[PDB]
Each structure stands twice: as structure tokens, then as C-alpha cells.
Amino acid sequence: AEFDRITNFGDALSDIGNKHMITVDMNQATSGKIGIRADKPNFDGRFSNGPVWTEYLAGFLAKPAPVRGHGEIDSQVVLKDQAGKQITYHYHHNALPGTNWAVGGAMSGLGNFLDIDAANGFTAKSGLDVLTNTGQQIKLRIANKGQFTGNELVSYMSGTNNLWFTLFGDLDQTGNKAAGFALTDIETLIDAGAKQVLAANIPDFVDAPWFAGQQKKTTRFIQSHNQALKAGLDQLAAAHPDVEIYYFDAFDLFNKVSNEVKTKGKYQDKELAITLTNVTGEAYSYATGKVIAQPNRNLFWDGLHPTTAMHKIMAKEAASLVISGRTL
């Protein structure tokens, strides 16, 4: 056989609950002073209305379902109430053994990042930067579990948040610069013994509701990133002939589904029991909580994250890429 288990790295497209549960635990530990990410109506801490693509993937390949994992978390969380009284917490959680190390918000590269808010009248000064970037996930997986054995498929899907925090934060990355961080991370996997790598590019988010009024900037970033990533993976595959690399072209899949819905009115897959009829709107509004009656007719759940229907479509394409043995 080629592999017994799947290991996942990346962001909210892959995460089965780390960003959610870390904030649940920090909220408990501070008696409600930290806001919960991926609350209801999101499904069990997924940034979706049901399972994400890494869950369908394990089903399709008949491998064990993802197990949420992370390393030790430790931080001095400093908050202030509206009166400006400072409150300090020692937040700690032991490592969590698992196989899916993805965390919503994560960027390609190393280190930790800030994507958690204080709540109920408090404001965070310091120490909420407890979430790990994709390259940091890999570093902590290696420390916790050692090098890969070769019996795993390792999925890597990152870069969306390198775009996100360039548009809406102080990150100042080109698509090619962000792609370089991804390739550095993927090379770390290889040097850690990974022999089967499922590397995904950035989806075609041209129509994502949260990117409205940024279409030229997102096309530039996502096009730049994906062609740099492809070329880099072609080079890595060249230099590492004992590694099988599958390039999940999530971009083209999003593009194809979208154009099918726009030009024929639907994208339907009878094998998956899915019919999409909307690829331009959110099924669910973050701001108001409201959800349309039939969210699984949409590509987009909120303004960026796919619905569980679209995650199923993504995993079928990835599973069939792996089954097809069409490696780089």
C-alpha cells in the first residue's frame, strides 16, 4: 500500500477545530473575556456548515478521519477592562496528540500570529498571539512526533491568509513572496521524511464576498502565488525523486465550478449528491448571524470559506488526484 494515515497542515480550509477550541478554552479560562471563533452557526468549530475537505478526503481514501492536534500553548495574556484596569492571565494547554495540525488564520511561514479578540468589554494588550502559522505547525508536529515514516500522506494547503493579512493587515507580501514561504515549509516536510505530499494552491477566490472591491489585487496575488508555487514544486519534485508530490489545483477547480454555474446555471455531481447554483454570495452572514434556507446550493458559506458541499467537491478532486497517481 502507499499510506495508512493522513497528516494535515494549513488554515481554516483544513482546520477541524483548533482555532475554535483554543478560543473556547481561553474563554473558559478567563470566565468569558475572550471571544469565541467559529461559534454557531458554524459546524463544530469548522469554518463551514459541516465537515471540511480534509474530513471528506479521509473518507474517500478510506483512511482514518483527522484527529485535531497541536503543541503546548503557553502565554501571558494581558487584557484591560473599559476602566483600564489591567488583568493578567497565565494561559496554558498541554500538547494535543493528533494528525490535523491546521489552524484557522494561519499563514505560510514560521512563528505565531494574532487572530483572537477580547470580549465583553475587555481589550487585549498582549499575549493573544497563541495561534501557529503553517510552518510552525510543522515544526511542532515534528517536535511532538518526530520525523515522518513514509507511511503518511501529508496535505499542505496554505497561502490564503498571506493574502488576507496583506489586504486587511500589516503583512506586506507579494504572491511570489508568500509562495516562497510555502515552498520553504514544504521543503521542511521533505527534509522531515515526508514521502507523499498533497500540496494545494490557493483557490480562485475572485468572487469571494469578503474580497469585494479588491478583485485586481487578489487576482495579482493569487496568480503570482500559484505559478510560483507550481514552479517551486516542480523543482522540489525534480530534486527529490523518492518523494511523490501531487499538486491539488484548487484554483482551477474553483474556476471550473464557478464558470459552470455562471454559464449553465448549476454545477451538479450526482455521485456526491450536490447541486450548486450560487457562486457569488454568502449563505451565512457573520455580522447578523442569518443563514439562507439552503446553504448547500452555494460555493461560499460566509464571505470566504466554502460550504461543506464545496469542501466535498474539493476532496473528491484531491482524492482522485491521489488515486490517479498523477504526480509531479
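Numbering starts at 1 and follows the sequence shown.
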If you take the mean CA temperature factor per stretch, which one wins between 195 to 203 and 245 to 253?
245 to 253
Taking the deposited Cα B-factors and averaging over 212 to 220 and over 89 to 97, the higher mean is found in 212 to 220
In the PDB entry, which of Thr275, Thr280, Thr288, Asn49 has its C-alpha at the highest B-factor?
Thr275
When the entry's CA B-factors for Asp115, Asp234, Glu187, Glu72 are compared, the highest one belongs to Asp234
Taking the entry's C-alpha B-factors for this chain, is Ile138 in the lowest, middle or highest third?
lowest
Sorting by Cα B-factor within the chain, modelled residues only, which third would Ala62 end up in: lowest, middle or highest?
middle
So, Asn18's CA B-factor, relative to its chain, sits in which third? The lowest
Lowest, middle or highest third of the chain for the C-alpha temperature factor of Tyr284?
middle
Grab the CA temperature factor for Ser258 from the record and place it in the lowest, middle or highest third of its chain.
highest
